[PDB]
$ cat upload.csv   # CSV, C-alpha atoms and all ligand atoms
chain,number,residue,atom,x,y,z
A,3,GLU,CA,107.0,91.9,74.4
A,4,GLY,CA,109.0,89.3,76.5
A,5,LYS,CA,108.4,89.7,80.3
A,6,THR,CA,111.3,91.3,82.3
A,7,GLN,CA,113.9,88.6,83.2
A,8,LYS,CA,116.7,91.0,84.7
A,9,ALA,CA,116.8,94.2,86.8
A,10,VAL,CA,119.9,96.5,87.4
A,11,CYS,CA,120.5,99.2,90.1
A,12,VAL,CA,123.7,101.4,90.3
A,13,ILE,CA,123.9,102.9,93.9
A,14,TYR,CA,125.6,106.3,94.3
A,15,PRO,CA,126.6,107.8,97.7
A,16,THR,CA,124.6,110.3,99.8
A,17,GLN,CA,126.3,113.5,101.1
A,18,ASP,CA,129.7,112.8,103.0
A,19,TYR,CA,130.0,109.1,101.8
A,20,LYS,CA,131.9,107.3,98.9
A,21,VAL,CA,129.6,104.2,98.8
A,22,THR,CA,129.1,103.0,95.2
A,23,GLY,CA,128.3,99.7,93.5
A,24,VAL,CA,126.0,97.6,91.2
A,25,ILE,CA,123.1,95.2,92.2
A,26,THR,CA,121.6,92.8,89.6
A,27,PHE,CA,118.2,90.9,90.1
A,28,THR,CA,118.1,87.8,87.8
A,29,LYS,CA,115.1,85.4,87.5
A,30,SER,CA,115.9,81.7,88.4
A,31,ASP,CA,113.6,78.6,88.7
A,32,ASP,CA,113.0,78.9,92.6
A,33,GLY,CA,112.9,82.8,92.9
A,34,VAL,CA,115.1,85.9,92.0
A,35,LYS,CA,118.9,85.8,92.3
A,36,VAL,CA,120.2,89.0,94.1
A,37,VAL,CA,123.9,89.8,93.4
A,38,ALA,CA,125.4,93.0,95.0
A,39,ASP,CA,129.0,94.3,94.7
A,40,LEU,CA,129.7,97.6,96.7
A,41,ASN,CA,132.8,99.7,97.6
A,42,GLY,CA,133.4,102.6,100.1
A,43,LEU,CA,131.4,101.0,102.9
A,44,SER,CA,132.8,101.0,106.5
A,45,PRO,CA,133.8,97.5,107.7
A,46,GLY,CA,130.8,95.6,109.1
A,47,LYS,CA,127.1,94.8,108.4
A,48,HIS,CA,124.9,97.5,106.6
A,49,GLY,CA,121.1,97.8,106.2
A,50,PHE,CA,120.2,96.8,102.6
A,51,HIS,CA,116.5,97.4,101.5
A,52,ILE,CA,114.2,98.3,98.6
A,53,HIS,CA,112.4,101.6,99.4
A,54,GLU,CA,108.9,102.6,98.0
A,55,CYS,CA,109.9,105.8,96.1
A,56,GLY,CA,112.6,105.6,93.3
A,57,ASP,CA,113.9,109.2,94.1
A,58,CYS,CA,117.6,109.7,95.0
A,59,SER,CA,117.5,113.5,94.5
A,60,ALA,CA,117.9,114.2,98.2
A,61,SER,CA,121.5,114.7,99.7
A,62,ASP,CA,120.6,112.3,102.7
A,63,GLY,CA,118.5,109.8,100.6
A,64,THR,CA,115.3,110.8,102.5
A,65,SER,CA,113.5,111.1,99.1
A,66,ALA,CA,113.6,107.2,98.7
A,67,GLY,CA,110.9,107.2,101.5
A,68,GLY,CA,110.0,104.1,103.6
A,69,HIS,CA,110.7,100.4,103.0
A,70,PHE,CA,108.7,99.1,99.9
A,71,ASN,CA,105.8,97.5,101.9
A,72,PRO,CA,102.7,97.1,99.6
A,73,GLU,CA,101.2,94.4,101.9
A,74,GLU,CA,101.4,96.6,105.1
A,75,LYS,CA,103.4,93.8,106.9
A,76,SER,CA,106.1,94.2,109.7
A,77,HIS,CA,109.9,94.7,109.2
A,78,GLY,CA,111.8,91.4,109.2
A,79,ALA,CA,114.7,89.3,107.6
A,80,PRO,CA,114.6,87.9,104.0
A,81,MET,CA,114.1,84.3,105.3
A,82,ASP,CA,111.1,85.5,107.5
A,83,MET,CA,107.4,85.3,106.1
A,84,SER,CA,106.4,88.4,108.2
A,85,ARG,CA,108.6,90.9,106.1
A,86,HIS,CA,108.4,93.9,103.8
A,87,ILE,CA,108.8,93.1,100.0
A,88,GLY,CA,112.0,95.2,100.2
A,89,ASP,CA,113.6,93.4,103.3
A,90,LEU,CA,116.9,92.1,101.7
A,91,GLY,CA,118.5,92.0,105.2
A,92,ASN,CA,122.1,93.2,105.6
A,93,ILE,CA,125.2,93.5,103.2
A,94,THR,CA,128.6,92.9,104.9
A,95,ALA,CA,131.7,95.0,104.0
A,96,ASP,CA,135.3,93.6,104.6
A,97,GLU,CA,138.3,95.5,106.1
A,98,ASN,CA,138.9,97.0,102.6
A,99,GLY,CA,135.3,98.3,102.4
A,100,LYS,CA,134.4,95.8,99.5
A,101,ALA,CA,131.0,94.1,100.1
A,102,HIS,CA,129.7,91.0,98.0
A,103,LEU,CA,126.2,89.4,98.6
A,104,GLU,CA,124.3,86.7,96.5
A,105,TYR,CA,121.1,84.8,97.5
A,106,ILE,CA,117.7,83.7,96.1
A,107,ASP,CA,114.8,86.0,97.2
A,108,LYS,CA,111.4,84.3,96.8
A,109,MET,CA,109.3,87.5,97.3
A,110,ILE,CA,110.6,90.1,94.8
A,111,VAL,CA,109.2,90.2,91.1
A,112,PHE,CA,109.5,92.5,88.1
A,113,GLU,CA,105.7,93.1,87.4
A,114,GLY,CA,102.4,93.6,89.3
A,115,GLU,CA,101.5,95.2,92.7
A,116,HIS,CA,104.9,93.9,94.2
A,117,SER,CA,107.1,95.0,91.2
A,118,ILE,CA,110.6,96.3,92.4
A,119,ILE,CA,111.1,98.0,89.0
A,120,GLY,CA,111.2,101.8,89.5
A,121,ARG,CA,111.8,101.4,93.3
A,122,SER,CA,115.0,102.5,95.1
A,123,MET,CA,117.9,100.5,96.8
A,124,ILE,CA,119.1,102.1,100.1
A,125,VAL,CA,122.3,101.1,102.0
A,126,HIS,CA,122.3,102.2,105.7
A,127,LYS,CA,125.2,103.4,107.9
A,128,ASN,CA,124.4,100.8,110.7
A,129,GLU,CA,123.3,97.1,110.9
A,130,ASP,CA,119.6,96.2,110.3
A,131,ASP,CA,118.9,94.1,113.6
A,132,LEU,CA,115.8,92.6,111.8
A,133,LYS,CA,113.7,93.1,115.0
A,134,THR,CA,113.2,96.9,115.7
A,135,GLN,CA,110.2,98.5,113.8
A,136,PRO,CA,109.8,99.9,111.3
A,137,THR,CA,113.5,100.2,110.1
A,138,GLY,CA,115.5,97.7,112.2
A,139,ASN,CA,117.5,100.7,113.7
A,140,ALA,CA,119.6,100.8,110.5
A,141,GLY,CA,119.9,104.6,110.9
A,142,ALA,CA,121.2,107.1,108.2
A,143,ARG,CA,121.3,106.3,104.5
A,144,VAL,CA,124.9,106.2,102.9
A,145,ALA,CA,123.9,105.3,99.3
A,146,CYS,CA,120.7,105.4,97.0
A,147,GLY,CA,119.9,103.9,93.5
A,148,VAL,CA,116.8,103.2,91.3
A,149,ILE,CA,116.0,99.7,90.1
A,150,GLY,CA,115.7,99.6,86.2
A,151,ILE,CA,114.7,97.0,83.5
A,152,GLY,CA,117.7,94.8,82.4
A,153,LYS,CA,118.4,92.7,79.3
B,5,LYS,CA,98.1,105.1,89.9
B,6,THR,CA,101.7,106.5,89.7
B,7,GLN,CA,101.3,110.4,89.4
B,8,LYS,CA,105.0,111.4,89.5
B,9,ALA,CA,108.4,110.0,88.2
B,10,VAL,CA,111.9,111.1,89.2
B,11,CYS,CA,115.3,110.4,87.4
B,12,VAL,CA,118.8,111.6,88.8
B,13,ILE,CA,121.3,111.5,85.9
B,14,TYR,CA,125.0,110.8,86.8
B,15,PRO,CA,127.9,111.3,84.4
B,16,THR,CA,129.6,108.7,82.2
B,17,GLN,CA,133.5,108.3,82.2
B,18,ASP,CA,135.3,111.6,81.5
B,19,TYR,CA,132.2,113.9,82.0
B,20,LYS,CA,130.7,116.0,85.0
B,21,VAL,CA,127.1,116.0,83.7
B,22,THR,CA,124.6,115.7,86.7
B,23,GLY,CA,121.0,116.8,87.3
B,24,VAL,CA,117.3,115.8,88.2
B,25,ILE,CA,114.4,115.2,85.8
B,26,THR,CA,110.7,115.0,87.1
B,27,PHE,CA,107.7,113.7,85.1
B,28,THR,CA,104.4,115.0,86.5
B,29,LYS,CA,100.9,113.9,85.2
B,30,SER,CA,99.1,117.1,84.1
B,31,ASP,CA,96.0,118.2,82.1
B,32,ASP,CA,96.6,117.0,78.4
B,33,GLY,CA,99.7,114.9,79.0
B,34,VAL,CA,102.9,114.5,81.2
B,35,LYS,CA,104.9,117.7,82.2
B,36,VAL,CA,108.7,117.0,81.7
B,37,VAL,CA,111.0,119.3,83.9
B,38,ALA,CA,114.8,118.9,83.6
B,39,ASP,CA,117.7,120.8,85.4
B,40,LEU,CA,121.2,119.7,84.4
B,41,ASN,CA,124.8,121.0,85.1
B,42,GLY,CA,128.3,120.2,83.6
B,43,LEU,CA,127.1,120.1,80.0
B,44,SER,CA,129.1,121.8,77.2
B,45,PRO,CA,127.3,125.0,75.9
B,46,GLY,CA,124.8,124.1,73.1
B,47,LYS,CA,122.0,121.5,72.3
B,48,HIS,CA,122.4,117.9,73.7
B,49,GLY,CA,120.4,114.7,72.7
B,50,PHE,CA,117.8,113.9,75.4
B,51,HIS,CA,116.1,110.5,75.2
B,52,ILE,CA,114.5,107.6,77.2
B,53,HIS,CA,116.4,104.3,76.5
B,54,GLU,CA,114.9,100.8,76.7
B,55,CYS,CA,117.2,99.3,79.4
B,56,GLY,CA,117.4,100.9,82.9
B,57,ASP,CA,121.1,99.9,83.2
B,58,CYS,CA,123.7,102.7,83.9
B,59,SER,CA,126.4,100.2,85.0
B,60,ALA,CA,128.6,100.8,81.9
B,61,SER,CA,131.3,103.5,82.0
B,62,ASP,CA,130.2,104.8,78.5
B,63,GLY,CA,126.4,104.4,79.2
B,64,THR,CA,126.1,101.7,76.4
B,65,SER,CA,124.2,99.4,78.9
B,66,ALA,CA,121.1,101.7,78.5
B,67,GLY,CA,120.7,100.2,75.0
B,68,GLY,CA,118.7,101.8,72.2
B,69,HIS,CA,115.9,104.4,72.3
B,70,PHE,CA,112.8,103.1,74.2
B,71,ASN,CA,110.7,102.2,71.0
B,72,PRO,CA,108.0,99.6,72.0
B,73,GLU,CA,106.0,100.5,68.8
B,74,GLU,CA,109.0,99.9,66.4
B,75,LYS,CA,108.5,103.4,64.9
B,76,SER,CA,111.3,105.7,63.4
B,77,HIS,CA,113.4,108.3,65.3
B,78,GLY,CA,111.8,111.9,65.3
B,79,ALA,CA,111.1,115.0,67.4
B,80,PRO,CA,108.7,115.2,70.4
B,81,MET,CA,106.1,117.1,68.3
B,82,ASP,CA,106.3,114.5,65.5
B,83,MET,CA,103.7,111.5,65.4
B,84,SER,CA,106.4,109.2,63.8
B,85,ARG,CA,108.7,109.1,66.9
B,86,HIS,CA,110.1,106.6,69.6
B,87,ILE,CA,108.2,106.8,73.0
B,88,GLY,CA,111.6,108.1,74.4
B,89,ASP,CA,112.1,110.9,71.8
B,90,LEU,CA,112.3,114.0,74.1
B,91,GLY,CA,114.3,115.9,71.5
B,92,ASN,CA,117.2,118.1,72.7
B,93,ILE,CA,118.1,119.9,76.0
B,94,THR,CA,120.1,123.2,75.7
B,95,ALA,CA,123.0,124.2,78.0
B,96,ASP,CA,124.0,127.9,78.5
B,97,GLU,CA,127.5,129.4,78.6
B,98,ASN,CA,127.7,128.3,82.3
B,99,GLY,CA,126.8,124.6,81.4
B,100,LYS,CA,123.3,124.9,83.2
B,101,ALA,CA,120.4,123.4,81.2
B,102,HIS,CA,116.7,123.9,82.0
B,103,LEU,CA,113.8,122.3,79.9
B,104,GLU,CA,110.0,122.1,80.6
B,105,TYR,CA,107.3,120.9,78.1
B,106,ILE,CA,104.1,118.6,78.0
B,107,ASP,CA,104.8,115.2,76.4
B,108,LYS,CA,101.5,113.5,75.2
B,109,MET,CA,103.1,110.0,74.5
B,110,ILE,CA,104.9,109.0,77.8
B,111,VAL,CA,102.9,107.3,80.7
B,112,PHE,CA,103.7,105.5,84.0
B,113,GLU,CA,101.9,102.2,83.4
B,114,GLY,CA,101.4,99.6,80.6
B,115,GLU,CA,103.4,98.7,77.4
B,116,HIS,CA,104.7,102.3,77.0
B,117,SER,CA,105.6,102.8,80.8
B,118,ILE,CA,108.8,104.8,81.2
B,119,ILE,CA,109.1,103.6,84.8
B,120,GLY,CA,112.4,101.5,85.1
B,121,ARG,CA,113.7,102.9,81.8
B,122,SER,CA,116.9,105.1,81.5
B,123,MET,CA,117.4,108.8,80.6
B,124,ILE,CA,120.5,109.4,78.4
B,125,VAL,CA,122.1,112.8,77.6
B,126,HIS,CA,124.3,112.8,74.5
B,127,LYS,CA,127.5,114.8,73.7
B,128,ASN,CA,126.2,116.2,70.3
B,129,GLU,CA,122.8,117.6,69.1
B,130,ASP,CA,120.0,115.2,68.1
B,131,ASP,CA,119.2,116.5,64.5
B,132,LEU,CA,115.8,114.7,64.7
B,133,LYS,CA,116.3,113.3,61.1
B,134,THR,CA,119.2,110.7,61.0
B,135,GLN,CA,118.3,107.1,61.9
B,136,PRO,CA,118.1,105.5,64.4
B,137,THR,CA,119.9,108.0,66.8
B,138,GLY,CA,119.7,111.4,65.2
B,139,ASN,CA,123.6,111.4,65.1
B,140,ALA,CA,123.6,112.5,68.8
B,141,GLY,CA,126.8,110.5,69.3
B,142,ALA,CA,128.5,109.6,72.7
B,143,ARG,CA,126.5,109.4,76.0
B,144,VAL,CA,127.6,111.9,78.6
B,145,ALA,CA,125.1,111.0,81.4
B,146,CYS,CA,122.8,108.1,82.4
B,147,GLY,CA,119.9,107.7,85.0
B,148,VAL,CA,117.0,105.3,85.8
B,149,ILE,CA,113.4,106.6,85.9
B,150,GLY,CA,111.8,105.7,89.3
B,151,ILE,CA,108.3,106.0,90.9
B,152,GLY,CA,107.7,109.4,92.8
C,201,CU,CU,116.3,100.8,104.2
C,202,CU,CU,119.6,108.8,73.5
C,203,ZN,ZN,111.7,96.9,106.1
C,204,ZN,ZN,114.7,108.0,69.0
$ encode --input "upload.csv" --output "structure tokens" --more "lines below"
Ligand SMILES: [Cu+2]
Ligand SMILES: [Cu+2]
Ligand SMILES: [Zn+2]
Ligand SMILES: [Zn+2]
Amino acid sequence: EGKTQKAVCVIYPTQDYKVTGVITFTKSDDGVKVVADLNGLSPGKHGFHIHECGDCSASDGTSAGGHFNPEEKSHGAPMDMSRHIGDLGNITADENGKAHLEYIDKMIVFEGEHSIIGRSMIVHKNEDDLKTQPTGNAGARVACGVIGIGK
Amino acid sequence: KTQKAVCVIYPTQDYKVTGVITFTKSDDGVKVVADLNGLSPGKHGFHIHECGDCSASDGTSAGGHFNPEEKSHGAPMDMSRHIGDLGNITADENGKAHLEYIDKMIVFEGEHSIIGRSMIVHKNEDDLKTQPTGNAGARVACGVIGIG
């Protein structure tokens, strides 16, 4: 009955990677709180997006398809107005390969045309430069996961 | 409208159960096709659970059977069933398990939408009688149902 307040996504690695972690999307007053904790990432910034298809059956994560863009807008940063619904920018891994990230996304929701429920999270090998189209030159996909309804 | 749904199941702690499940919209109902590996030989409980959360080691985070009508536990062919009562999946001597059938209850939009819910494979058989689980026991694999 009660509208969806939480969303959870466990990312598993693509072929020839050890990238794993959990991402929670919690509803707050002024948007949706994104909290991500990953391991097995190479040190540095990694592309971090919601993709249109919730399919992680492919070895290379190609089955996730393109960036979740139901408004047919350009690729950008989370802070940008001109962005895809699934433009969550970059996640940064430390020297130990641990990556934490928490911020308030004002675009994502858990119901309607722009619902992220049943979509995929994709972590990329390289940095999302937030300029290049349509991907940000993030390159290969190192981890995939499907966004599910939380409690 | 969403025509297809896909769910990759990964194992819980101390299990090797993996596979892919597709839900395709067909004449009559929704065609369920499941291909699993690393299951013990025999029948295994096979359900859609209310929470799409596989973050727990033992798959407890998936919660109970997806039951938005507050009905009793039953078989897929039964009228008195949970929306996520997909019965049992059977693994051969090699631990491979295939299963295809037409479910007339599951849909990809509305109150009874399976999109964003979890698939759970159990250690033991779902007897389709015992409440509320069918005495299926421990959870060996978890996965979230996504849009195809
Ligand atoms: Cu991406
Ligand atoms: Cu179950
Ligand atoms: Zn994008
Ligand atoms: Zn049930």
$ closest_residue --input "upload.csv" --among "B:83, B:151, B:103, B:13" --to "chain A" --atoms "only C-alpha atoms"
B:151
$ residues_near_point --input "upload.csv" --point "(117.9, 87.9, 91.9)" --cutoff "10 Å" --atoms "only C-alpha atoms" --output "list in words"
residues 7, 8, 9, 10, 25, 26, 27, 28, 29, 30, 33, 34, 35, 36, 37, 38, 104, 105, 106, 107, 108, 110 and 111 of chain A
$ residues_near_ligand --input "upload.csv" --ligand "ligand ZN 203 (chain C)" --cutoff "10 Å" --atoms "only C-alpha atoms and all ligand atoms" --output "ChimeraX atom specification"
/A:49-53,68-71,75-80,85-91,130,132-138,140
$ interface_residues --input "upload.csv" --of "chain B" --to "chain A" --cutoff "12 Å" --atoms "all atoms listed in the file" --output "PyMOL selection string"
chain B and resi 5-15+22-27+39+53-61+63+65-68+70-74+112-123+146-152
$ residues_near_ligand --input "upload.csv" --ligand "ligand ZN 204 (chain C)" --cutoff "12 Å" --atoms "all atoms listed in the file" --output "compact mmCIF listing (two decimals) with C-alpha atoms, in the coordinates of the input"
# COMPACT_ATOMS: atom_id res chain seq x y z
CA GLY B 49 120.40 114.70 72.70
CA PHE B 50 117.80 113.90 75.40
CA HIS B 51 116.10 110.50 75.20
CA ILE B 52 114.50 107.60 77.20
CA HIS B 53 116.40 104.30 76.50
CA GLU B 54 114.90 100.80 76.70
CA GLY B 67 120.70 100.20 75.00
CA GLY B 68 118.70 101.80 72.20
CA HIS B 69 115.90 104.40 72.30
CA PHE B 70 112.80 103.10 74.20
CA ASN B 71 110.70 102.20 71.00
CA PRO B 72 108.00 99.60 72.00
CA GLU B 73 106.00 100.50 68.80
CA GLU B 74 109.00 99.90 66.40
CA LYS B 75 108.50 103.40 64.90
CA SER B 76 111.30 105.70 63.40
CA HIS B 77 113.40 108.30 65.30
CA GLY B 78 111.80 111.90 65.30
CA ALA B 79 111.10 115.00 67.40
CA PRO B 80 108.70 115.20 70.40
CA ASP B 82 106.30 114.50 65.50
CA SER B 84 106.40 109.20 63.80
CA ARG B 85 108.70 109.10 66.90
CA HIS B 86 110.10 106.60 69.60
CA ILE B 87 108.20 106.80 73.00
CA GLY B 88 111.60 108.10 74.40
CA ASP B 89 112.10 110.90 71.80
CA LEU B 90 112.30 114.00 74.10
CA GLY B 91 114.30 115.90 71.50
CA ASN B 92 117.20 118.10 72.70
CA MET B 123 117.40 108.80 80.60
CA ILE B 124 120.50 109.40 78.40
CA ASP B 130 120.00 115.20 68.10
CA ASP B 131 119.20 116.50 64.50
CA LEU B 132 115.80 114.70 64.70
CA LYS B 133 116.30 113.30 61.10
CA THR B 134 119.20 110.70 61.00
CA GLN B 135 118.30 107.10 61.90
CA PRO B 136 118.10 105.50 64.40
CA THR B 137 119.90 108.00 66.80
CA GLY B 138 119.70 111.40 65.20
CA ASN B 139 123.60 111.40 65.10
CA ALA B 140 123.60 112.50 68.80
$ residues_around --input "upload.csv" --residues "residue 42 of chain B" --least-positions-apart "2" --cutoff "6 Å" --atoms "only C-alpha atoms" --output "list in words"
residues 20, 21 and 99 of chain B
$ atom_distance --input "upload.csv" --atom1 "atom CA of residue 146 of chain A" --atom2 "atom CA of residue 15 of chain A"
6.4 Å
$ closest_residue --input "upload.csv" --among "B:19, B:106, B:141, B:111" --to "residue 44 of chain B" --atoms "all atoms listed in the file"
B:19
$ closest_residue --input "upload.csv" --among "A:81, A:93, A:101, A:109" --to "ligand CU 201 (chain C)" --atoms "only C-alpha atoms and all ligand atoms"
A:93
$ atom_distance --input "upload.csv" --atom1 "atom CA of residue 40 of chain A" --atom2 "atom CA of residue 143 of chain B"
24.0 Å
$ atom_distance --input "upload.csv" --atom1 "atom CA of residue 145 of chain B" --atom2 "atom CA of residue 64 of chain A"
23.3 Å
$ closest_residue --input "upload.csv" --among "A:100, A:5, A:48, A:20" --to "ligand CU 201 (chain C)" --atoms "only C-alpha atoms and all ligand atoms"
A:48
$ closest_residue --input "upload.csv" --among "A:92, A:117, A:22, A:61" --to "ligand CU 201 (chain C)" --atoms "all atoms listed in the file"
A:92
